[PDB]
file start-v6.cif (mmCIF, C-alpha atoms)
data_my_file
loop_
_atom_site.group_PDB
_atom_site.id
_atom_site.type_symbol
_atom_site.label_atom_id
_atom_site.label_comp_id
_atom_site.auth_asym_id
_atom_site.auth_seq_id
_atom_site.Cartn_x
_atom_site.Cartn_y
_atom_site.Cartn_z
ATOM 1 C CA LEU L 5 23.499 -1.235 -8.547
ATOM 2 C CA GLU L 6 24.195 -4.137 -6.186
ATOM 3 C CA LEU L 7 22.204 -3.447 -3.022
ATOM 4 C CA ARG L 8 20.977 -5.638 -0.193
ATOM 5 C CA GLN L 9 17.315 -6.210 0.383
ATOM 6 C CA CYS L 10 16.026 -4.112 3.238
ATOM 7 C CA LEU L 11 14.979 -5.450 6.631
ATOM 8 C CA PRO L 12 12.467 -8.234 6.469
ATOM 9 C CA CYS L 13 9.150 -7.568 8.126
ATOM 10 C CA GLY L 14 5.555 -8.705 8.459
ATOM 11 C CA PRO L 15 4.130 -12.129 9.421
ATOM 12 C CA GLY L 16 7.016 -14.437 10.272
ATOM 13 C CA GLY L 17 9.444 -12.156 8.496
ATOM 14 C CA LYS L 18 8.142 -13.420 5.200
ATOM 15 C CA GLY L 19 8.212 -9.859 3.902
ATOM 16 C CA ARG L 20 10.710 -7.210 2.840
ATOM 17 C CA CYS L 21 10.447 -3.516 3.628
ATOM 18 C CA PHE L 22 10.207 -1.379 0.503
ATOM 19 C CA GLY L 23 10.165 1.867 2.464
ATOM 20 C CA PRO L 24 9.664 3.149 6.042
ATOM 21 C CA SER L 25 6.040 1.951 6.237
ATOM 22 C CA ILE L 26 5.619 -0.435 3.332
ATOM 23 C CA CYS L 27 6.082 -4.095 4.163
ATOM 24 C CA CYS L 28 5.399 -6.338 1.147
ATOM 25 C CA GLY L 29 5.741 -10.054 0.740
ATOM 26 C CA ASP L 30 5.570 -11.967 -2.536
ATOM 27 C CA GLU L 31 2.904 -14.271 -1.073
ATOM 28 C CA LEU L 32 1.586 -11.789 1.474
ATOM 29 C CA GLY L 33 0.550 -8.591 -0.189
ATOM 30 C CA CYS L 34 1.636 -5.202 1.007
ATOM 31 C CA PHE L 35 1.228 -3.638 4.373
ATOM 32 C CA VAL L 36 1.321 0.112 4.120
ATOM 33 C CA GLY L 37 1.374 1.663 7.526
ATOM 34 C CA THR L 38 -0.148 -1.354 9.232
ATOM 35 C CA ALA L 39 1.384 -3.135 12.240
ATOM 36 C CA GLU L 40 3.064 -5.592 9.889
ATOM 37 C CA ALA L 41 5.253 -2.760 8.641
ATOM 38 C CA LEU L 42 6.761 -1.759 11.997
ATOM 39 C CA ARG L 43 10.241 -3.132 11.408
ATOM 40 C CA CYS L 44 10.512 -1.028 8.280
ATOM 41 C CA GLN L 45 11.106 2.130 10.274
ATOM 42 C CA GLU L 46 14.362 0.695 11.618
ATOM 43 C CA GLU L 47 15.836 0.437 8.106
ATOM 44 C CA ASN L 48 16.086 4.196 8.275
ATOM 45 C CA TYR L 49 18.945 4.105 10.821
ATOM 46 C CA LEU L 50 20.990 1.418 9.066
ATOM 47 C CA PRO L 51 23.683 3.390 7.247
ATOM 48 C CA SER L 52 23.890 1.085 4.247
ATOM 49 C CA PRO L 53 21.659 1.455 1.156
ATOM 50 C CA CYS L 54 19.142 -1.268 0.393
ATOM 51 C CA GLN L 55 16.603 -1.971 -2.331
ATOM 52 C CA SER L 56 13.994 -4.730 -2.244
ATOM 53 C CA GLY L 57 12.815 -7.118 -4.915
ATOM 54 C CA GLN L 58 14.000 -7.441 -8.517
ATOM 55 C CA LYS L 59 11.797 -6.528 -11.448
ATOM 56 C CA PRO L 60 12.055 -2.725 -11.305
ATOM 57 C CA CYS L 61 8.666 -1.171 -11.913
ATOM 58 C CA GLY L 62 6.949 2.162 -12.353
ATOM 59 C CA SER L 63 7.083 5.329 -10.229
ATOM 60 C CA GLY L 64 10.686 4.471 -9.323
ATOM 61 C CA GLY L 65 10.546 1.231 -7.374
ATOM 62 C CA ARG L 66 9.997 -2.431 -8.111
ATOM 63 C CA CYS L 67 7.543 -5.287 -7.901
ATOM 64 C CA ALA L 68 6.838 -5.956 -4.235
ATOM 65 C CA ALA L 69 3.943 -8.377 -4.250
ATOM 66 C CA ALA L 70 1.800 -10.209 -6.786
ATOM 67 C CA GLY L 71 0.991 -7.480 -9.298
ATOM 68 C CA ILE L 72 1.753 -4.627 -6.856
ATOM 69 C CA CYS L 73 4.490 -2.080 -7.549
ATOM 70 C CA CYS L 74 5.896 -0.133 -4.601
ATOM 71 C CA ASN L 75 8.744 2.286 -4.283
ATOM 72 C CA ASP L 76 9.726 3.788 -0.932
ATOM 73 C CA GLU L 77 6.462 5.744 -0.536
ATOM 74 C CA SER L 78 3.748 4.309 -2.757
ATOM 75 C CA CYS L 79 2.194 1.035 -3.851
ATOM 76 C CA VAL L 80 0.089 0.934 -7.020
ATOM 77 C CA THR L 81 -1.511 -1.875 -8.935
ATOM 78 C CA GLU L 82 0.656 -2.835 -11.856
ATOM 79 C CA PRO L 83 0.184 -6.159 -13.669
ATOM 80 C CA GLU L 84 3.572 -5.846 -15.368
ATOM 81 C CA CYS L 85 4.418 -7.435 -12.006
ATOM 82 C CA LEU P 7 -21.595 8.588 -2.508
ATOM 83 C CA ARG P 8 -21.286 6.095 0.341
ATOM 84 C CA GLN P 9 -18.182 4.692 2.004
ATOM 85 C CA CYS P 10 -17.561 1.360 0.300
ATOM 86 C CA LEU P 11 -17.727 -2.079 1.942
ATOM 87 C CA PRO P 12 -16.040 -2.184 5.313
ATOM 88 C CA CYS P 13 -13.140 -4.627 5.435
ATOM 89 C CA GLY P 14 -10.163 -5.836 7.424
ATOM 90 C CA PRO P 15 -9.625 -6.263 11.207
ATOM 91 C CA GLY P 16 -13.073 -6.587 12.685
ATOM 92 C CA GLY P 17 -14.612 -4.557 9.890
ATOM 93 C CA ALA P 18 -12.818 -1.519 11.301
ATOM 94 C CA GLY P 19 -11.516 -0.460 7.873
ATOM 95 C CA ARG P 20 -13.013 0.614 4.528
ATOM 96 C CA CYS P 21 -12.389 -0.452 0.941
ATOM 97 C CA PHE P 22 -10.523 2.118 -1.107
ATOM 98 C CA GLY P 23 -10.418 -0.093 -4.132
ATOM 99 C CA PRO P 24 -10.642 -3.706 -5.240
ATOM 100 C CA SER P 25 -7.547 -4.717 -3.237
ATOM 101 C CA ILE P 26 -6.984 -1.883 -0.838
ATOM 102 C CA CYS P 27 -8.466 -1.828 2.619
ATOM 103 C CA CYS P 28 -7.511 1.064 4.889
ATOM 104 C CA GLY P 29 -8.404 2.318 8.310
ATOM 105 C CA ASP P 30 -7.418 4.958 10.812
ATOM 106 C CA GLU P 31 -6.515 2.386 13.406
ATOM 107 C CA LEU P 32 -5.175 -0.095 10.870
ATOM 108 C CA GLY P 33 -3.228 1.482 8.040
ATOM 109 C CA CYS P 34 -3.669 0.051 4.545
ATOM 110 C CA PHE P 35 -3.666 -3.465 3.174
ATOM 111 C CA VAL P 36 -2.761 -3.298 -0.498
ATOM 112 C CA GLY P 37 -3.426 -6.739 -1.771
ATOM 113 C CA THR P 38 -3.583 -8.990 1.244
ATOM 114 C CA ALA P 39 -6.225 -11.334 2.585
ATOM 115 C CA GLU P 40 -7.589 -8.376 4.570
ATOM 116 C CA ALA P 41 -8.414 -6.805 1.210
ATOM 117 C CA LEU P 42 -10.159 -9.800 -0.349
ATOM 118 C CA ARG P 43 -13.716 -8.677 0.448
ATOM 119 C CA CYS P 44 -13.284 -5.377 -1.334
ATOM 120 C CA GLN P 45 -13.568 -7.370 -4.511
ATOM 121 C CA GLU P 46 -17.272 -7.704 -3.642
ATOM 122 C CA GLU P 47 -17.783 -3.988 -4.079
ATOM 123 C CA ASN P 48 -17.472 -4.673 -7.766
ATOM 124 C CA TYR P 49 -20.902 -6.353 -7.839
ATOM 125 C CA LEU P 50 -22.734 -3.712 -5.899
ATOM 126 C CA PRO P 51 -24.728 -1.512 -8.285
ATOM 127 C CA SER P 52 -24.443 1.588 -6.077
ATOM 128 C CA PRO P 53 -21.354 3.708 -6.533
ATOM 129 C CA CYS P 54 -19.248 4.246 -3.405
ATOM 130 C CA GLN P 55 -16.106 6.165 -2.462
ATOM 131 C CA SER P 56 -14.252 5.906 0.852
ATOM 132 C CA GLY P 57 -12.542 8.710 2.740
ATOM 133 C CA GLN P 58 -13.299 12.416 3.072
ATOM 134 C CA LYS P 59 -10.077 14.436 2.856
ATOM 135 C CA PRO P 60 -9.061 14.277 -0.817
ATOM 136 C CA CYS P 61 -5.420 14.080 -1.884
ATOM 137 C CA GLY P 62 -3.157 13.036 -4.734
ATOM 138 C CA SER P 63 -4.926 11.837 -7.882
ATOM 139 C CA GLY P 64 -8.577 11.654 -6.975
ATOM 140 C CA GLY P 65 -7.531 9.916 -3.808
ATOM 141 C CA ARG P 66 -8.922 10.455 -0.354
ATOM 142 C CA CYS P 67 -7.033 10.007 2.887
ATOM 143 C CA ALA P 68 -7.165 6.292 3.586
ATOM 144 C CA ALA P 69 -5.282 6.335 6.859
ATOM 145 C CA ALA P 70 -2.798 8.394 8.876
ATOM 146 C CA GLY P 71 -0.386 9.873 6.358
ATOM 147 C CA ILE P 72 -1.526 7.530 3.593
ATOM 148 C CA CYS P 73 -3.542 8.732 0.591
ATOM 149 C CA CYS P 74 -5.270 5.983 -1.404
ATOM 150 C CA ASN P 75 -7.289 5.927 -4.570
ATOM 151 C CA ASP P 76 -8.879 2.893 -6.205
ATOM 152 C CA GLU P 77 -5.501 1.563 -7.436
ATOM 153 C CA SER P 78 -2.676 2.877 -5.225
ATOM 154 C CA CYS P 79 -1.630 4.167 -1.802
ATOM 155 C CA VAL P 80 0.936 6.898 -1.283
ATOM 156 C CA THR P 81 2.472 8.543 1.692
ATOM 157 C CA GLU P 82 0.820 11.921 1.927
ATOM 158 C CA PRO P 83 1.716 13.957 4.998
ATOM 159 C CA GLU P 84 -1.225 16.328 4.936
ATOM 160 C CA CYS P 85 -3.442 13.242 5.176
ATOM 161 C CA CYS B 1 18.539 3.179 4.655
ATOM 162 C CA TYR B 2 16.330 3.133 1.583
ATOM 163 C CA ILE B 3 18.649 3.703 -1.375
ATOM 164 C CA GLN B 4 16.294 6.481 -2.418
ATOM 165 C CA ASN B 5 16.605 8.241 0.910
ATOM 166 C CA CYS B 6 20.111 7.457 2.125
ATOM 167 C CA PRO B 7 22.317 10.274 3.487
ATOM 168 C CA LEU B 8 25.007 11.639 1.157
ATOM 169 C CA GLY B 9 23.501 9.572 -1.654
ATOM 170 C CA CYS U 1 -18.691 -0.297 -7.235
ATOM 171 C CA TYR U 2 -15.748 2.049 -7.101
ATOM 172 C CA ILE U 3 -16.861 5.460 -8.378
ATOM 173 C CA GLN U 4 -13.780 5.417 -10.615
ATOM 174 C CA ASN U 5 -14.527 2.075 -12.262
ATOM 175 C CA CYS U 6 -18.314 1.674 -11.951
ATOM 176 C CA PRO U 7 -20.299 2.370 -14.922
ATOM 177 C CA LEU U 8 -19.803 5.676 -13.032
ATOM 178 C CA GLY U 9 -22.563 8.122 -14.047
#
call {"tool": "encode", "arguments": {"input": "start-v6.cif", "output": "structure tokens"}}
result
Amino acid sequence: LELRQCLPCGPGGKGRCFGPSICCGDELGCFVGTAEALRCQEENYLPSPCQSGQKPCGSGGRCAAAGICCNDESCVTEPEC
Amino acid sequence: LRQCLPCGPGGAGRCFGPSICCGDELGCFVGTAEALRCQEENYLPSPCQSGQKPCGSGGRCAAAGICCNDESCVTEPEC
Amino acid sequence: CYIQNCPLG
Amino acid sequence: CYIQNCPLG
């Protein structure tokens, strides 16, 4: 399915929202409910569907940051990232 | 069981695992520079465990609405 | 919206 | 260490 990435977020917009409160950047880590993740709540009003990152991993989502796997509600360690 | 190494923003959070540093007034850092010091917990002989209100899969409540265990954080509303 | 959470779909 | 991944007991 050909979706857009979701709103960027975090330090200098280097990160992509993976769900309302999860802002992960490839070279950043993942902010889950921190300040860095603020913009990610706006994605909820945008009427178009989005999906962040490529390599789809785990619980339902896809690799968000170095070895982390988040979907729209959870980030777990997962080295398959 | 003690709360693990404090971490993050002026030590105002607590390690919930090697790369997971959460706090009421902070939220969670899963794998950021904030969560680098939690790796130190792995060379403390004493066992620790952060949080009080359990949830999920042997997770506690890391921060408002987030439930973390040693390898993952999840939105959990009753947290 | 997050594909997983979008209205209708 | 993390209770989960210590030597635990």
call {"tool": "atom_distance", "arguments": {"input": "start-v6.cif", "atom1": "CA of residue 38 in chain L", "atom2": "CA of residue 69 in chain L"}}
result
15.7 Å
call {"tool": "residues_around", "arguments": {"input": "start-v6.cif", "residues": "residue 8 in chain U", "least_positions_apart": "3", "cutoff": "10 Å", "atoms": "all atoms listed in the file", "output": "ChimeraX atom specification"}}
result
/P:51-54 /U:1-5
call {"tool": "residues_around", "arguments": {"input": "start-v6.cif", "residues": "range 30-43 of chain P", "least_positions_apart": "5", "cutoff": "6 Å", "atoms": "only C-alpha atoms", "output": "list in words"}}
result
residues 32, 33, 34, 35, 36, 37 and 38 of chain L; 14, 25 and 69 of chain P
call {"tool": "write_last_selection", "arguments": {"input": "start-v6.cif", "atoms": "C-alpha atoms", "output": "compact mmCIF listing (two decimals), keeping the file's coordinate frame"}}
result
# COMPACT_ATOMS: atom_id res chain seq x y z
CA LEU L 32 1.59 -11.79 1.47
CA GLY L 33 0.55 -8.59 -0.19
CA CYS L 34 1.64 -5.20 1.01
CA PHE L 35 1.23 -3.64 4.37
CA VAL L 36 1.32 0.11 4.12
CA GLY L 37 1.37 1.66 7.53
CA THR L 38 -0.15 -1.35 9.23
CA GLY P 14 -10.16 -5.84 7.42
CA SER P 25 -7.55 -4.72 -3.24
CA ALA P 69 -5.28 6.34 6.86
call {"tool": "residues_near_point", "arguments": {"input": "start-v6.cif", "point": "(22.1, 8.3, 7.6)", "cutoff": "9 Å", "atoms": "all atoms listed in the file", "output": "PyMOL selection string"}}
result
(chain L and resi 48-52) or (chain B and resi 1+5-8)
call {"tool": "write_last_selection", "arguments": {"input": "start-v6.cif", "atoms": "C-alpha atoms", "output": "PDB file, in the coordinates of the input"}}
result
ATOM      1  CA  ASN L  48      16.086   4.196   8.275  1.00  0.00           C
ATOM      2  CA  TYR L  49      18.945   4.105  10.821  1.00  0.00           C
ATOM      3  CA  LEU L  50      20.990   1.418   9.066  1.00  0.00           C
ATOM      4  CA  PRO L  51      23.683   3.390   7.247  1.00  0.00           C
ATOM      5  CA  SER L  52      23.890   1.085   4.247  1.00  0.00           C
TER       6      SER L  52
ATOM      7  CA  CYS B   1      18.539   3.179   4.655  1.00  0.00           C
ATOM      8  CA  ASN B   5      16.605   8.241   0.910  1.00  0.00           C
ATOM      9  CA  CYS B   6      20.111   7.457   2.125  1.00  0.00           C
ATOM     10  CA  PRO B   7      22.317  10.274   3.487  1.00  0.00           C
ATOM     11  CA  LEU B   8      25.007  11.639   1.157  1.00  0.00           C
TER      12      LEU B   8
END
call {"tool": "interface_residues", "arguments": {"input": "start-v6.cif", "of": "chain P", "to": "chain U", "cutoff": "8 Å", "atoms": "all atoms listed in the file", "output": "PyMOL selection string"}}
result
chain P and resi 10+22-24+47-55+76
call {"tool": "atom_distance", "arguments": {"input": "start-v6.cif", "atom1": "CA of residue 45 in chain P", "atom2": "CA of residue 59 in chain L"}}
result
26.3 Å
call {"tool": "resolve_selection", "arguments": {"input": "start-v6.cif", "expression": "the PyMOL selection byres ((chain L and resi 7) around 8)", "output": "list in words"}}
result
residues 5, 6, 8, 9, 53, 54 and 55 of chain L
call {"tool": "atom_distance", "arguments": {"input": "start-v6.cif", "atom1": "CA of residue 16 in chain L", "atom2": "CA of residue 62 in chain L"}}
result
28.1 Å
call {"tool": "closest_residue", "arguments": {"input": "start-v6.cif", "among": "P:26, P:44, P:65, P:71", "to": "residue 12 in chain P", "atoms": "all atoms listed in the file"}}
result
P:44
call {"tool": "axis_aligned_box", "arguments": {"input": "start-v6.cif", "around": "chain B", "padding_each_side": "5 Å", "output": "JSON"}}
result
{"center_x": 20.7, "center_y": 7.4, "center_z": 1.1, "size_x": 18.7, "size_y": 18.5, "size_z": 17.1}
call {"tool": "resolve_selection", "arguments": {"input": "start-v6.cif", "expression": "the PyMOL selection byres ((chain L and resi 26) around 9)", "output": "PyMOL selection string"}}
result
chain L and resi 20-25+27-28+34-38+40-42+44+74-79
call {"tool": "residues_around", "arguments": {"input": "start-v6.cif", "residues": "residue 82 in chain P", "least_positions_apart": "2", "cutoff": "7 Å", "atoms": "all atoms listed in the file", "output": "PyMOL selection string"}}
result
chain P and resi 71-73+80+84-85
